[PDB]
J.: 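Mind looking over this structure? Questions follow.
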Amino acid sequence: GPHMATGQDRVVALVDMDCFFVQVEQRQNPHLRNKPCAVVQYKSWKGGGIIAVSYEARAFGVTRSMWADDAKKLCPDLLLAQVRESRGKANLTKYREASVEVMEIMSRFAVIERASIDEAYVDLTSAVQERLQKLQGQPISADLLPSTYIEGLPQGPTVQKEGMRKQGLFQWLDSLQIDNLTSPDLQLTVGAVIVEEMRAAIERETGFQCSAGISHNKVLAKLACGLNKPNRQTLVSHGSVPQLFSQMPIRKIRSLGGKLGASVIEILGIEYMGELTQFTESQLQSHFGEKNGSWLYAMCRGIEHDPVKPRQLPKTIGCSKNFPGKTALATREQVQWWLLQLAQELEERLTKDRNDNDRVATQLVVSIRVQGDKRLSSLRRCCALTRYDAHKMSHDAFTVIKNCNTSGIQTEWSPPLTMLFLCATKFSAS
DNA sequence: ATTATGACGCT
DNA sequence: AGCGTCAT
Ligand SMILES: Nc1ncnc2c1ncn2[C@H]1C[C@H](O)[C@@H](COP(=O)(O)OP(=O)(O)OP(=O)(O)O)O1
Ligand SMILES: [Mn+2]
Ligand SMILES: [Mn+2]
């Protein structure tokens, strides 16, 4: 009844850039604009690996993780932009700096949580309360929501997509009761108005387009954002959840895309998120543990409480490189050379970070992978990070890993290393 | 030879 | 702490 929490206390948005690395390259090179194009790293092995794809190219079936040579088979006129290489490795600085552009604009509207290089969550609860006050009981015009979808609408008693968007929007608005300053649906709508403003600002000031989801929590906001990309935003109301989840594969929900989600499906013998409602909290806790069980019980009802953390900057700064196949490092000075290259990029990014953000990393994590292992990281060791100097860091990294070498000979490295990883962690204010 | 990251959970 | 999971 009225005691039952419905998880409608917050207004949360997720803003995610469209085809982000592609857009970064398209802004820089006008020739790539409005074309099937993709961003690739490296070149020698099968044309390089694709990590971002324009929507024009997606129509041909081009995807992430596809080799460029294979993508060219689906899309002969596919244009390609290469990730910069520095010190023998891919360097993502251009995209990180483009990310900062967007993050700083979003921060003008509310405190954000950086969730990836191209997306951030927004807690709009306070901002919505203040827009509602200066509205002072005026209806929200559809003109204020020019790119907004309302999930689940229209319904009941039409052949074009923009026409459908508007029909759904008018059904939504004409059902809104704005007399109520605590109405969750009204609060979401105002949230959507603000996000329209945010997204306009991002495009105006960077040239980048993005999509967004507006709901009552992070999981629903993330799900919403993807429903109508690119260059659109979607509102998922609490009321839309039963229909939405009744046919929603469990793997589509954030954190359930892996082994846990597979276990939910296998153990319970279900396919869709909505089917979870038929289990007690204790039942779910028994199968998936106390934390996961409570989380699942609430989530399948559209309820989740993970807060938007006040964190705009990444907590770690890392440098990594794979050495696949026959390129695996088999000599000590090979290992030492590449540790230096990684450490030099790390020092560069660390020094920039210290100046920009008034902080200093205090711990260096070293990770390697060995030939034969299917694990991402065969070993992780930490040591102290007392100075921002590449030679010191690479020498220290070598020290903490050098006895991983099985080889009785000290000049040769056995078994060959197929990955190196340097990560600066544990920041302190400075 | 699906690369380069980055956050959070478990024990 | 070191490892595993999930993620973009
Ligand atoms: N697995 C990955 N490996 C390396 N880089 C990645 C990977 N996934 C994503 N990226 C980079 C490239 C992307 O442009 C950027 C944003 O990722 P993501 O939001 O998932 O897709 P996207 O922005 O390229 O397209 P869209 O969000 O419109 O579907 O992060
Ligand atoms: Mn994106
Ligand atoms: Mn993203």
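Hydrogens, waters and symmetry mates are skipped; everything else that's a heavy atom, side chains included, is used. Numbered from 1 within each chain, the chains take letters A, B, ... in sequence-line order.
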J.: Rounding to an integer number of Å, can you tell me how far A:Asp373 CG sits from B:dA1 P?
T.: 12 Å
J.: Nearest whole angstrom, please: distance from the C1' of C:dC3 to the CE of A:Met419.
T.: 13 Å
J.: Are any of A:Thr316's side-chain N or O atoms less than 4.0 Å away from OP1 or OP2 of B:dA7?
T.: yes
J.: Check whether any side-chain N or O of A:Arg64 sits under 4.0 Å from OP1 or OP2 of B:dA4, and answer yes or no.
T.: no
J.: Heavy atoms from C-beta onward define the side chain here; which of B:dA4, B:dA1, C:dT8 lies closest to that of A:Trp67?
T.: B:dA1
J.: Using a 6.0 Å cut-off, check whether atom CG of A:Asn34 has over 12 heavy atoms from anything other than its own residue.
T.: no
J.: Among C:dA1, B:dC10, B:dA7, find the nucleotide with the atom closest to the side chain of A:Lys291.
T.: B:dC10
J.: C:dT5, OP1 or OP2 - any side-chain N/O from A:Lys259 closer than 4.0 Å?
T.: yes
J.: Is it true that A:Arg108 and A:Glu205 make a salt bridge, defined as a side-chain N closer than 4.0 Å to a carboxylate O?
T.: yes
J.: Rounded to the nearest Å, what distance is computed from the NZ atom of residue A:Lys426 to the P atom of nucleotide B:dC8?
T.: 14 Å
J.: Can you figure out which of B:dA1, C:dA1, B:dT5 approaches the side chain of A:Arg349 most closely?
T.: B:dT5
J.: OP1 or OP2 of B:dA7 less than 4.0 angstrom from a side-chain nitrogen or oxygen of A:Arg311, does that happen here?
T.: yes
J.: Out of the candidates A:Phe21, A:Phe208, A:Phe20, only one should pair with A:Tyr95 under the ring pair (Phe, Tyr, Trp, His ring centres under 6.0 Å) rule; please name it.
T.: A:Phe21
J.: May I ask you to evaluate whether A:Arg84 reaches the phosphate of B:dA4, defined as a side-chain N or O under 4.0 Å from OP1 or OP2?
T.: no
J.: Please give, in whole Å, the distance from C:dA7 P to A:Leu256 CG?
T.: 7 Å
J.: Are A:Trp413 and A:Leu329 packed together at the side-chain level, in the sense that at least one heavy-atom pair is separated by less than 4.5 angstrom?
T.: no
J.: Are A:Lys218 and C:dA7 close enough that a side-chain N or O sits under 4.0 Å from OP1 or OP2?
T.: no
J.: Taking only the side-chain heavy atoms of A:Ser116 (C-beta and beyond), determine which of C:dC6, B:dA1, C:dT8 contains the nearest atom.
T.: C:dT8
J.: How many Å lie between CZ on A:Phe421 and P on C:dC3, as a whole number?
T.: 13 Å
J.: So if I take every side-chain heavy atom of A:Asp118 and compare against C:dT8, B:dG9, C:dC3, which nucleotide ends up nearest?
T.: C:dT8
J.: Name the closest nucleotide to the A:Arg114 side chain, picking from B:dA4, B:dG6, C:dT8.
T.: B:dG6
J.: Answer whether the closest heavy-atom distance between the side chains of A:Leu276 and A:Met273 falls below 4.5 Å.
T.: yes
J.: For A:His395, look at atom NE2 and say whether over 12 heavy atoms of other residues, nucleotides or ligands are found less than 6.0 Å away.
T.: no
J.: For the side chain of A:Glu345, starting at C-beta, report the closest nucleotide among B:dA4, C:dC3, B:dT5.
T.: B:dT5
J.: Tell me: OH of A:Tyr42 to P of B:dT2, nearest whole Å?
T.: 15 Å
J.: Could you tell me whether the phosphate oxygens of B:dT5, OP1 or OP2, come under 4.0 Å of any side-chain nitrogen or oxygen in A:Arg96?
T.: yes
J.: If the threshold is 4.0 Å, N to carboxylate O, is there a salt bridge linking A:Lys352 and A:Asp356?
T.: yes
J.: Specify the separation, in whole Å, of atom CZ of A:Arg254 and atom P of B:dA7.
T.: 14 Å
J.: When you get a sec, tell me which of B:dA4, C:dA1, B:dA1 is the closest nucleotide to the side chain of A:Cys382?
T.: C:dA1
J.: Give a yes/no on whether any side-chain N or O of A:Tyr95 is located under 4.0 angstrom from OP1 or OP2 of C:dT8.
T.: no
J.: Name the residue closer to the 5' end of DNA chain C, choosing between A:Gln363 and A:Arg375 according to the nucleotide with the nearest heavy atom.
T.: A:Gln363
J.: Measuring only the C1' atom in each nucleotide, how far is B:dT2 from C:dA7? A whole number of Å is fine.
T.: 14 Å
J.: What is the separation between atom CZ on A:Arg380 and atom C1' on C:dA1, rounded to the nearest whole Å?
T.: 11 Å
J.: The side chain of A:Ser320 lies closest to which of these nucleotides: C:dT8, B:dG6, B:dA4?
T.: B:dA4
